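A single chain, nothing else alongside it, follows as structure tokens in the form deposited in one PDB entry.
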């Protein structure tokens, strides 16, 4: 039941509604332009040219094409990253980034004839990521081919935790080297306890609406559900799940599930010899390293159960590639499509400038101010009708948090501590303006943004001949070499990905893709930050040798007399010397890879997700919207950035229409009215 084209994936997920936005299918809302604007010549800024900002630009283009003769939209897009595709009309990165969609091209002097691509950020896309595939269809067409991402379990995989080794494909014991594996048994216990059954008895530990999550996922994905059922999920049942479980970590939930299974006898004592608590702990940690289909979630054990449950409902692990050589092409293509679809009514200019501050000021028609610095640190100020702040939360904080929380007669804004020039604004209000009369409302949005959790992440890459997989010491599953390795060696998750520039001579050896503490533990060895090599011609050889050295472990396989050094050490050492690489998102200006919510974080992230509803408060007249995966319930997915972009543009339309929701299309209106408003007073 594997999808083979963009269109097949698109249609698969077209219906799916996430539990915090259960009254709308975002793909359906995005099918037609989101609404209508009054006649005018608008001046809009988008800060950030990543997935969020470019999707927002695309939707603005669609709106622009609907405007009457004499009307139009001008967009200034600010993009600070010198490597952005926006500024481009051995390891090469220049022109190959669109924020956290980021490719590194490995070549030997001629970039048009490369060896492989490292996908440094986004790489694998859920089947039911309906908005993702909607935009992929706009970019590439429905007919374009897609492939199954080679996740652990999708290709032959070796798993190592402590003394346990497994070699497997999927979850059918017939496809496991050891069909009696305790790993496969604990997977069944934890999946049963978290997901349960779509039919029959409820067996999950943490019900939603008194039933297993699998049953709720089928309603959220229904090709037609009760409207009433969706409303009750939105307003009652998902909120009640949050109230109960937002304070429970994933790690705690796994331990509860394993404890009950152990007490029932479904899981036996480990070795026959560990005591009760040691056995439970062993299983918790074993599952921790194994995961849900994308490698161990041990490093993610501090996320709320609520956050994990979003991913469960979404069947997140069932993922595909894009029909591209480099994922940045998706975003580049959407940028071009935006301009095409505006039909001449959208004009776009790119600024290679870092925004330092946003505010509302003055008494002119355009009051939405941006203060920015160019690549030689010259200051620039511009006023706009509307602004979309399409940057993740730690990048947004300095822009929105340094102006205070209420009216100020005058402020000299900018990066004065850097020695840079400031600019005087008069009659100043915060950019994220939730009240004329509460500094606390203005402070709540800013403080929430600034305390969202950016998960840490890093990727270590090298280039290897694909034929290295045919060495006699590389294990096989039914004649196919092992191509994914999930391990407690410190590397966490490793992938031998065939080059997309093509059977390819080379593969991208994703030696280590780490999250959270797994990333922290490596970071001292990266050498140069955020990228080693920092130059096009260097190689991160010393760093990479420390990764090879982590793999230099004696591994015992069942039936063998003695342990020998792990074969995967030999595989890593087969990578060529040149083009060894690490990128540390943690030491990038993003301050990490992507948002993941901790216990208690729902209320912070959800405030951000609902922020665009400020447009309902007509007199407030707030001109700023936010658009990033940080302002979604899908941090770490293009789907989240795209949802947030859709929210931002929907809100912008309502604000341009002075609070009138009838300006949104029928299908888009629930983007605004299906959420609890962020402004209680005034109503609207």
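Residue numbers count along the first chain shown, from 1. For clarity, a rigid core is taken as the largest C-alpha set superposing within 1.5 Å between two forms.
**Student:** For the step residue 89 to residue 90, what size class fits the number of deposited residues with no coordinates, none, 1 to 3, 4 to 9, or 10 or more?
**Tutor:** The entry has 4 to 9 unmodelled residues between residue 89 and residue 90.
**Student:** If the chain runs straight from residue 502 to residue 503, say none; otherwise bin the unmodelled deposited residues as 1 to 3, 4 to 9, or 10 or more.
**Tutor:** According to the record, 4 to 9 deposited residues lack coordinates from residue 502 to residue 503.
**Student:** Highest mean C-alpha temperature factor of the two stretches 186-194 and 485-493, which is it?
**Tutor:** The stretch with the larger mean CA B-factor is 186-194.
**Student:** Determine, for stretches 463-471 and 130-138, which one has the higher mean CA B-factor as deposited.
**Tutor:** Per the PDB record, 463-471.
**Student:** Which is it among 636, 38, 53, 651: the one with the largest CA B-factor in the entry?
**Tutor:** Comparing C-alpha B-factors across 636, 38, 53, 651, the maximum falls on 38.
**Student:** What's the residue among 347, 548, 578, 312 with the greatest CA temperature factor in the PDB record?
**Tutor:** Checking the PDB record, the top C-alpha B-factor among 347, 548, 578, 312 is at 347.
**Student:** How does the C-alpha B factor of residue 629 compare with the rest of the chain: lowest, middle or highest third?
**Tutor:** Ranked within chain, residue 629 CA B lands in the lowest tercile.
**Student:** Once the chain's modelled residues are ordered by C-alpha B factor and cut into thirds, is residue 301 in the lowest, middle or highest one?
**Tutor:** Lowest third of the chain for residue 301's C-alpha B-factor.
**Student:** Taking only the Cα B-factors deposited for this chain, tell me whether residue 390 sits in the lowest, middle or highest third.
**Tutor:** Within its chain, residue 390 is a lowest-third residue by C-alpha B-factor, going by the deposited values.
**Student:** Against its chain's modelled residues, does residue 337's Cα B factor rank lowest, middle or highest third?
**Tutor:** Highest third.
**Student:** Comparing residue 415 with the other modelled residues of its chain, is its CA B-factor in the lowest, middle or highest third?
**Tutor:** It belongs to the middle third of the chain when residues are ordered by C-alpha B-factor.
Omitted from view is the form deposited in another entry, to which the following refers.
**Student:** Have a look at 427, 259, 317, 397 and give me the residue whose C-alpha moves 2 Å or more between this form and the one not shown, with the fit done on the rigid core.
**Tutor:** One residue passes the 2 Å cut-off, namely 317.
**Student:** Establish whether a shift of 2 Å or more occurs at the C-alpha of residue 294 between this form and the one not shown, with the two forms superposed on the rigid core.
**Tutor:** Yes; residue 294 is a residue whose C-alpha shifts (by 2 Å or more) between this form and the one not shown when the cores are overlaid.
**Student:** Superposing on the rigid core, I want to see if residue 107 changes position between this form and the one not shown - specifically a Cα shift of 2 Å or more.
**Tutor:** Yes, the C-alpha moves 2 Å or more.
**Student:** For residue 362, is the C-alpha shift between this form and the one not shown 2 Å or more after core superposition?
**Tutor:** Where the cores coincide, residue 362 still shows a C-alpha shift between this form and the one not shown that is 2 Å or more.
**Student:** Once you account for a change of 3 Å or more, let me know if residue 95 and residue 61 sit closer or farther in the other form, using their C-alpha atoms.
**Tutor:** Residue 95 and residue 61 sit farther apart in the other form.
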